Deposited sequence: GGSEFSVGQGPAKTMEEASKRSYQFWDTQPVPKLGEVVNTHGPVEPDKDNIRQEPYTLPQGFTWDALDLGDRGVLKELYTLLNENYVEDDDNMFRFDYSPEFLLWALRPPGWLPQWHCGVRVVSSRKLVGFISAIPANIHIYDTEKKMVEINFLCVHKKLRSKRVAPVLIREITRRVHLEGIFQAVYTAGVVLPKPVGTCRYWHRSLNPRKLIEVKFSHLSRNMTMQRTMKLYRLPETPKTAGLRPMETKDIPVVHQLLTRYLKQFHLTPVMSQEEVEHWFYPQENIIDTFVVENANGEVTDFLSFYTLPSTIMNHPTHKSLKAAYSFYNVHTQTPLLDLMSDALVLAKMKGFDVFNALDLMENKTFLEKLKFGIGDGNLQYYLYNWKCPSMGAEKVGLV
């Protein structure tokens, strides 16, 4: 079964990952480069699925197929430690995460039951240029690995990982980045999720959170209380004319970390140009008409296995003139103004400078960052600049 701590993991044997070009769990890494020479010929045939299951590439432009994808994900995707909450991926959100610039339909890899055509499996790859230490390499970001609950523990996830690798090798890419809540060989960096309450009562009824030892409900609300309006001057939603400068600010600010994306202006528009109930981005235009900072957070509500828990996830926040503490404080205010219930943020990047000061509490979940077929020293959360 899954393992959530490395202590838990170092006892486990990895029947699949020991066969993969990833550093072993105990191995200390001080080299820089791939684990495997690029393959000159790639298997033309799809891998063999267990009897009664077939490959199918999902055309998310077909609204019916996209409906099949979110229904699969909304019923069988990531859950919390206690099986109380499950992500509620909207169709318009998945198009955002699954059709960025450069997407390929054969990278929307799904598994269907042969007889019924019922979608029972999925995995995805989107292209991304990744800066890791001192190498800028083109990789894919693997996301949305999902085997239906009725098919679990039958070694169908390894087949999905192999088949998506094959389809990415065919396009000439040989590295990949991905995250996870479980420990596998081998985390290049471990990031903790932190949680800032915005509506304490909602998260206490639903049992997302709990009242601290000697603290009433009344005090808890007066504690997380926030201003009605933000305080940074010139804060406003990002517009079309801000795509160049948001690219500029993000391109530069990101260079101080060791694992970061490398975005074209077309990609910066896609990932940051606001879409309601998907992505939000606010820029800080100063008294001279210049844009100096921006904050961003994306929307991902969670079904409650017992309405929905509206969560805001901190995305990329770039500061040059506004103090990051004030920037992130206004982010909390804007999230509250928009009806969110909680503001989730990792401890990666400079987030540790404000997580305690802005009343974040620590979460019971770590997000391990992995690289496929790339052997490099691991880093701390503050060096991981990839959300």
Compare what was deposited with what's modelled and send me the C-alpha-less stretches, numbered from 1.
1-9, 316-319
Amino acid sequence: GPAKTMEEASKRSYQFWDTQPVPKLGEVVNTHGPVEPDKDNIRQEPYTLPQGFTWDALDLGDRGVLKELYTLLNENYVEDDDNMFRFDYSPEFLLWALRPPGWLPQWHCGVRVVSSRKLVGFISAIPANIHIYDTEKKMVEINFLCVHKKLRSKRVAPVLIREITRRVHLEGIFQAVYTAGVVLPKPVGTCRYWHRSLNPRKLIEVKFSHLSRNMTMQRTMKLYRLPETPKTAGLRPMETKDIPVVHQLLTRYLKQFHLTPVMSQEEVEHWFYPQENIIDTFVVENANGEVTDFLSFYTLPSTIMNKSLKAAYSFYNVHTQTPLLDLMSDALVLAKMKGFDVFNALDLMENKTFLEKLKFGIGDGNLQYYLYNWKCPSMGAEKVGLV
From here on, numbers count along this sequence of modelled residues.
Averaging only over Cα atoms, indicate whether 153-161 or 98-106 has the higher B-factor in the PDB entry.
153-161
Between 75-83 and 164-172, which has the higher average C-alpha B-factor in the PDB entry?
75-83
Residue with highest C-alpha B-factor in the PDB entry, from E68, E36, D59, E350
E36
Looking at the C-alpha B-factor of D134, is it in the lowest, middle or highest third of its chain?
highest
Looking at the entry's B-factor column for C-alpha atoms only, identify whether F354 ranks in the lowest, middle or highest third of its chain.
middle
For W17, the third of its chain by CA B-factor is the middle
Consider only the C-alpha atoms of the modelled residues in this chain, order them by B-factor as the entry records it, and name the third containing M328: lowest, middle or highest.
lowest
Please rank the C-alpha B-factors of the chain's modelled residues and tell me whether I142 sits in the lowest, middle or highest third.
lowest
